[PDB]
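See structure below.
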Amino acid sequence: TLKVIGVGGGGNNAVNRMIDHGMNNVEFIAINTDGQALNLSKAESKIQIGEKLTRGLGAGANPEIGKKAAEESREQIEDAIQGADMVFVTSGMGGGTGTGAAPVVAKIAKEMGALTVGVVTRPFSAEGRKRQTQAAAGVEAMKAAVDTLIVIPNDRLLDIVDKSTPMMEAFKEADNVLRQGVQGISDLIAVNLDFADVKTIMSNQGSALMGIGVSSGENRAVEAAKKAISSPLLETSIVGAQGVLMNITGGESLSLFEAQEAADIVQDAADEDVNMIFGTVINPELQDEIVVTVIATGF
Ligand SMILES: Nc1nc2c(ncn2[C@@H]2O[C@H](COP(=O)(O)OP(=O)(O)OP(=O)(O)O)[C@@H](O)[C@H]2O)c(=O)[nH]1
């Protein structure tokens with residue numbers, strides 16, 4: 001049983017779009033300091049923190065306001081966690097709530113036995129410098145609290161998105177990209193994988209990287225993996241890792257051959273003695289095109 005937690009107004013927009021795409025066998029948790037922003041979440045379970053400290057307003061782009069507001073509500077966080085084997089902390093770094101509360105939600109889930117994954121977006125360079133250093137030094141707090149942290153800088157998204165994209169649809173794509181990271185790993189566990197397998201990939205590895213590839217036509221099984229190995233969302237290239245995870249999602253047409261094909265183009269590009277596993281997701285609503293998702297652990 002897996003549970004997802006959306007810290008901040010950012011992460012909450014992701015959890016909103018995450019069920020808009022329809023996701024199975026993952027229980028949902030939203031967390032916010034703003035009272036009218038958590039009003040809009042579709043999550044099964046909602047929690048507000050810092051009703052004493054913010055009293056309804058957003059935590060006003062201050063990290064410590066979030067950090068101590070979560071300490072105040074330590075109870076309801078412990079409530080929603082226990083009963084879960086794996087915990088996802090999807091939260092947009094930058095704001096007061098996310099940059100302070102999410103590092104706490106994590107370290108609770110870590111010392112509560114469960115597995116801990118941080119799927120966080122860095123902010124744009126177009127949001128000032130002081131907003132960045134917060135988010136970046138908040139990744140620092142995130143880094144040592146979770147098991148693996150999947151940094152997705154939002155500046156890498158400018159290549160995938162248009163030049164014409166406005167402000168409130170530039171984050172619509174960021175929600176979709178945070179979805180691909182969790183859904184990529186979630187759809188594998190609950191022709192499945194062993195859970196104790198992922199324990200070897202994730203446990204106390206550190207900084208992680210994500211790559212996305214989509215291919216349509218004739219030679220889909222290869223053009224996908226190639227575009228995934230050279231995705232802009234990867235800072236470096238995938239060779240550094242001591243462990244790789246691969247998700248191949250395709251429609252009814254997907255052949256057991258195509259999977260082994262794509263898996264070897266990735267295995268070639270990775271280090272020669274790497275920990276690697278992979279799975280096949282049959283998603284009937286997909287027409288002909290498929291999608292490959294790559295995770296790199298331990299640099
Ligand atoms: N995934 C995603 N990230 C967003 C979205 N909007 C903003 N962000 C990122 O998240 C950062 C902080 O925004 P919020 O999460 O809404 O702020 P907060 O965590 O609620 O903290 P406060 O400033 O106190 O409200 C920004 O710097 C953006 O980079 C969004 O709609 N989706």
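Chain identifiers are assigned as A, B, and so on, following the order in which chains appear in the structure tokens; residues are numbered from 1 within each chain, and ligands are numbered from 1 in order of appearance.
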Using only C-alpha atoms and all ligand atoms, find each residue with an atom at most 6 Å away from ligand 1 and format the answer as a PDB file with C-alpha atoms, in the first residue's frame.
```pdb
ATOM      1  CA  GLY A   8       2.212  23.252  -0.422  1.00  0.00           C
ATOM      2  CA  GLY A   9      -0.033  24.890  -2.977  1.00  0.00           C
ATOM      3  CA  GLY A  10       2.368  23.659  -5.650  1.00  0.00           C
ATOM      4  CA  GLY A  11       2.389  19.958  -4.815  1.00  0.00           C
ATOM      5  CA  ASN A  13      -1.894  21.302  -7.941  1.00  0.00           C
ATOM      6  CA  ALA A  14       0.072  18.183  -8.906  1.00  0.00           C
ATOM      7  CA  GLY A  58      -0.645  31.127   3.210  1.00  0.00           C
ATOM      8  CA  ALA A  59       2.656  30.785   5.045  1.00  0.00           C
ATOM      9  CA  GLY A  60       3.903  33.937   3.281  1.00  0.00           C
ATOM     10  CA  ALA A  61       6.922  32.583   1.365  1.00  0.00           C
ATOM     11  CA  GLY A  92       7.092  22.335  -5.178  1.00  0.00           C
ATOM     12  CA  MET A  93      10.161  23.935  -3.622  1.00  0.00           C
ATOM     13  CA  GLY A  94      10.169  27.711  -3.277  1.00  0.00           C
ATOM     14  CA  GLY A  95       7.213  28.731  -1.139  1.00  0.00           C
ATOM     15  CA  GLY A  96       6.841  28.980   2.605  1.00  0.00           C
ATOM     16  CA  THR A  97       4.758  25.824   3.000  1.00  0.00           C
ATOM     17  CA  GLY A  98       6.571  23.435   0.663  1.00  0.00           C
ATOM     18  CA  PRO A 123      11.648  26.943  -9.384  1.00  0.00           C
ATOM     19  CA  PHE A 124      12.149  28.895 -12.584  1.00  0.00           C
ATOM     20  CA  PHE A 171       2.838  24.890 -14.230  1.00  0.00           C
ATOM     21  CA  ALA A 174       4.982  20.851 -14.396  1.00  0.00           C
ATOM     22  CA  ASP A 175       2.085  18.993 -12.770  1.00  0.00           C
TER      23      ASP A 175
END
```
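All residues of segment 128-257 of chain A that DSSP, run on the backbone, classes as strand (DSSP E or B) are residues 148, 149, 150, 151, 152, 206, 207, 208, 209, 210, 211, 212, 213, 214, 215, 243, 244, 245, 246, 247, 248, 249 and 250 of chain A.
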Any chance you can output those residues with N, CA, C and O atoms as a short mmCIF file (atom, residue, chain, number, x, y, z; two decimals), in the first residue's frame?
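Written file, result-v2.cif:
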```cif
data_model
loop_
_atom_site.label_atom_id
_atom_site.label_comp_id
_atom_site.auth_asym_id
_atom_site.auth_seq_id
_atom_site.Cartn_x
_atom_site.Cartn_y
_atom_site.Cartn_z
N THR A 148 15.36 8.76 -1.45
CA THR A 148 15.82 9.24 -2.75
C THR A 148 15.03 10.49 -3.12
O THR A 148 13.81 10.54 -2.94
N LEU A 149 15.73 11.49 -3.65
CA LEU A 149 15.14 12.77 -3.99
C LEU A 149 15.27 12.99 -5.49
O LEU A 149 16.38 12.95 -6.04
N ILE A 150 14.14 13.21 -6.16
CA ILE A 150 14.11 13.34 -7.61
C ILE A 150 13.98 14.82 -7.98
O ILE A 150 12.87 15.33 -8.18
N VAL A 151 15.11 15.52 -8.02
CA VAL A 151 15.11 16.93 -8.38
C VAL A 151 14.71 17.08 -9.85
O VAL A 151 15.33 16.48 -10.74
N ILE A 152 13.67 17.87 -10.10
CA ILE A 152 13.30 18.24 -11.47
C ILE A 152 13.37 19.75 -11.59
O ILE A 152 12.41 20.45 -11.25
N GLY A 206 20.30 8.93 -2.22
CA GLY A 206 20.51 10.35 -2.42
C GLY A 206 19.90 10.91 -3.68
O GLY A 206 18.81 10.50 -4.09
N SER A 207 20.59 11.86 -4.31
CA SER A 207 20.04 12.60 -5.44
C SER A 207 19.70 11.67 -6.59
O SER A 207 20.45 10.75 -6.92
N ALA A 208 18.55 11.92 -7.22
CA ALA A 208 18.05 11.10 -8.31
C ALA A 208 17.73 11.97 -9.52
O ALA A 208 17.69 13.20 -9.44
N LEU A 209 17.50 11.31 -10.65
CA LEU A 209 17.20 11.99 -11.91
C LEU A 209 16.13 11.22 -12.66
O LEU A 209 16.03 9.99 -12.56
N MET A 210 15.32 11.95 -13.43
CA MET A 210 14.19 11.39 -14.16
C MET A 210 14.29 11.73 -15.64
O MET A 210 14.67 12.85 -16.01
N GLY A 211 13.94 10.77 -16.48
CA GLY A 211 13.89 10.99 -17.92
C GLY A 211 12.62 10.44 -18.52
O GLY A 211 12.13 9.39 -18.11
N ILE A 212 12.09 11.16 -19.51
CA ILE A 212 10.81 10.83 -20.14
C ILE A 212 11.01 10.73 -21.65
O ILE A 212 11.60 11.62 -22.26
N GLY A 213 10.51 9.65 -22.24
CA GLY A 213 10.52 9.49 -23.68
C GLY A 213 9.19 9.02 -24.25
O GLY A 213 8.59 8.08 -23.73
N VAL A 214 8.72 9.68 -25.31
CA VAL A 214 7.48 9.31 -25.99
C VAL A 214 7.77 9.15 -27.48
O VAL A 214 8.36 10.03 -28.10
N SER A 215 7.35 8.02 -28.04
CA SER A 215 7.55 7.73 -29.46
C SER A 215 6.26 7.17 -30.05
O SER A 215 5.53 6.43 -29.39
N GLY A 243 22.35 2.44 -9.97
CA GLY A 243 21.07 1.77 -9.98
C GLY A 243 20.06 2.48 -10.86
O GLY A 243 19.87 3.69 -10.74
N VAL A 244 19.40 1.74 -11.75
CA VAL A 244 18.47 2.30 -12.71
C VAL A 244 17.14 1.57 -12.60
O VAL A 244 17.08 0.37 -12.31
N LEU A 245 16.05 2.31 -12.83
CA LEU A 245 14.70 1.77 -12.86
C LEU A 245 14.01 2.24 -14.12
O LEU A 245 14.15 3.40 -14.52
N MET A 246 13.25 1.35 -14.75
CA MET A 246 12.68 1.60 -16.07
C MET A 246 11.21 1.21 -16.09
O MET A 246 10.83 0.15 -15.58
N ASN A 247 10.38 2.08 -16.66
CA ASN A 247 8.95 1.84 -16.80
C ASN A 247 8.56 2.00 -18.26
O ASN A 247 8.70 3.09 -18.83
N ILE A 248 8.08 0.92 -18.87
CA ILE A 248 7.58 0.94 -20.24
C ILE A 248 6.06 0.84 -20.19
O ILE A 248 5.51 -0.17 -19.73
N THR A 249 5.39 1.89 -20.65
CA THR A 249 3.93 1.95 -20.67
C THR A 249 3.46 2.00 -22.12
O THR A 249 3.88 2.86 -22.89
N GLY A 250 2.57 1.06 -22.48
CA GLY A 250 2.04 1.01 -23.83
C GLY A 250 0.64 0.45 -23.84
O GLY A 250 0.14 -0.07 -22.84
#
```
For residue 64 of chain A, list every protein, DNA or RNA residue within 12 Å, evaluated using only C-alpha atoms, and leave out those in the same chain fewer than 5 positions away; present the list as an mmCIF file with N, CA, C and O atoms, in the first residue's frame.
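As a result, out-v8.cif now contains:
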```cif
data_model
loop_
_atom_site.group_PDB
_atom_site.id
_atom_site.type_symbol
_atom_site.label_atom_id
_atom_site.label_comp_id
_atom_site.auth_asym_id
_atom_site.auth_seq_id
_atom_site.Cartn_x
_atom_site.Cartn_y
_atom_site.Cartn_z
ATOM 1 N N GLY A 50 -0.727 24.299 10.959
ATOM 2 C CA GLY A 50 -0.534 25.656 11.430
ATOM 3 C C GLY A 50 -1.782 26.512 11.465
ATOM 4 O O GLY A 50 -1.765 27.655 10.997
ATOM 5 N N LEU A 53 -0.600 29.212 13.684
ATOM 6 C CA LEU A 53 0.499 30.063 13.245
ATOM 7 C C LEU A 53 0.151 30.881 12.005
ATOM 8 O O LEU A 53 0.505 32.062 11.926
ATOM 9 N N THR A 54 -0.535 30.280 11.033
ATOM 10 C CA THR A 54 -1.028 31.010 9.872
ATOM 11 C C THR A 54 -2.491 31.406 9.994
ATOM 12 O O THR A 54 -2.891 32.439 9.445
ATOM 13 N N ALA A 59 1.513 30.607 4.154
ATOM 14 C CA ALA A 59 2.656 30.785 5.045
ATOM 15 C C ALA A 59 3.613 31.893 4.604
ATOM 16 O O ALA A 59 4.737 31.978 5.107
ATOM 17 N N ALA A 69 5.075 25.088 11.582
ATOM 18 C CA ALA A 69 3.650 24.797 11.458
ATOM 19 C C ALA A 69 3.396 23.302 11.327
ATOM 20 O O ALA A 69 2.350 22.811 11.765
ATOM 21 N N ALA A 70 4.336 22.565 10.732
ATOM 22 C CA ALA A 70 4.205 21.115 10.659
ATOM 23 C C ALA A 70 4.504 20.466 12.003
ATOM 24 O O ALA A 70 3.848 19.489 12.382
ATOM 25 N N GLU A 71 5.500 20.987 12.725
ATOM 26 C CA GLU A 71 5.759 20.527 14.086
ATOM 27 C C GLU A 71 4.522 20.677 14.962
ATOM 28 O O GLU A 71 4.240 19.818 15.806
ATOM 29 N N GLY A 95 8.124 28.023 -2.010
ATOM 30 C CA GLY A 95 7.213 28.731 -1.139
ATOM 31 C C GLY A 95 7.472 28.461 0.330
ATOM 32 O O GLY A 95 8.324 27.660 0.715
ATOM 33 N N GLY A 96 6.709 29.165 1.169
ATOM 34 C CA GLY A 96 6.841 28.980 2.605
ATOM 35 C C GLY A 96 6.423 27.595 3.062
ATOM 36 O O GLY A 96 7.107 26.961 3.871
ATOM 37 N N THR A 97 5.289 27.109 2.554
ATOM 38 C CA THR A 97 4.758 25.824 3.000
ATOM 39 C C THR A 97 5.633 24.669 2.524
ATOM 40 O O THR A 97 6.107 23.859 3.330
ATOM 41 N N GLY A 98 5.849 24.574 1.210
ATOM 42 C CA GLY A 98 6.571 23.435 0.663
ATOM 43 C C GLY A 98 7.991 23.319 1.189
ATOM 44 O O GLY A 98 8.414 22.254 1.643
ATOM 45 N N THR A 99 8.746 24.419 1.133
ATOM 46 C CA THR A 99 10.162 24.389 1.485
ATOM 47 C C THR A 99 10.405 24.094 2.961
ATOM 48 O O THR A 99 11.543 23.791 3.335
ATOM 49 N N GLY A 100 9.375 24.157 3.802
ATOM 50 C CA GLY A 100 9.557 23.925 5.222
ATOM 51 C C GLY A 100 8.795 22.733 5.763
ATOM 52 O O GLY A 100 9.315 21.988 6.601
ATOM 53 N N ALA A 101 7.561 22.537 5.294
ATOM 54 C CA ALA A 101 6.743 21.443 5.806
ATOM 55 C C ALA A 101 7.128 20.104 5.187
ATOM 56 O O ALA A 101 7.170 19.087 5.888
ATOM 57 N N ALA A 102 7.407 20.084 3.883
ATOM 58 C CA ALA A 102 7.753 18.828 3.222
ATOM 59 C C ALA A 102 8.981 18.145 3.818
ATOM 60 O O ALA A 102 8.938 16.913 3.987
ATOM 61 N N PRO A 103 10.087 18.837 4.127
ATOM 62 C CA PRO A 103 11.190 18.151 4.825
ATOM 63 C C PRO A 103 10.766 17.490 6.127
ATOM 64 O O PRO A 103 11.397 16.514 6.549
ATOM 65 N N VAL A 104 9.715 17.993 6.775
ATOM 66 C CA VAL A 104 9.255 17.403 8.030
ATOM 67 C C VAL A 104 8.370 16.192 7.764
ATOM 68 O O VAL A 104 8.543 15.135 8.383
ATOM 69 N N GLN A 134 16.253 29.695 -1.362
ATOM 70 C CA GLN A 134 15.355 29.001 -0.447
ATOM 71 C C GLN A 134 15.104 27.577 -0.924
ATOM 72 O O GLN A 134 15.504 26.612 -0.264
ATOM 73 N N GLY A 138 16.324 24.304 0.571
ATOM 74 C CA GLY A 138 15.276 23.418 1.041
ATOM 75 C C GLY A 138 15.413 22.016 0.495
ATOM 76 O O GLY A 138 15.019 21.050 1.157
#
```
| message | as number ranges by chain, please: the residues near residue 41 of chain A (cut-off 9 Å, only C-alpha atoms, same-chain neighbours under 4 positions excluded). | response | A: 12-13, 15-16, 30, 37, 46
| Hey, what does DSSP flag as alpha helix (DSSP H) within segment 37-260 of chain A? Can you give it to me as JSON, numbers by chain? | {"A": [63, 64, 65, 66, 67, 68, 69, 70, 71, 72, 74, 75, 76, 77, 78, 79, 80, 81, 96, 97, 98, 99, 100, 101, 102, 103, 104, 105, 106, 107, 108, 109, 110, 111, 130, 131, 132, 133, 134, 135, 136, 137, 138, 139, 140, 141, 142, 143, 157, 158, 159, 160, 167, 168, 169, 170, 171, 172, 173, 174, 175, 176, 177, 178, 179, 180, 181, 182, 183, 184, 185, 186, 187, 188, 189, 195, 196, 197, 198, 199, 200, 201, 202, 220, 221, 222, 223, 224, 225, 226, 227, 228, 229, 256, 257, 258, 259, 260]}
| query | In terms of the shortest atom-to-atom distance over only C-alpha atoms, which of A:7, A:282, A:183, A:68 is closest to residue 22 of chain A? | reply |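 For residue 22 of chain A, the nearest of the given residues is A:183.
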| message | When you count only C-alpha atoms, which of these residues is closest to residue 184 of chain A: A:153, A:133, A:276, A:23? | response |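 Among the listed residues, A:23 lies closest to residue 184 of chain A.
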| said: Here is a test: counting only C-alpha atoms, which residue of A:107, A:42, A:130, A:227 is nearest to residue 78 of chain A? | reply: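 Looking at the shortest contact to residue 78 of chain A, the residue is A:107.
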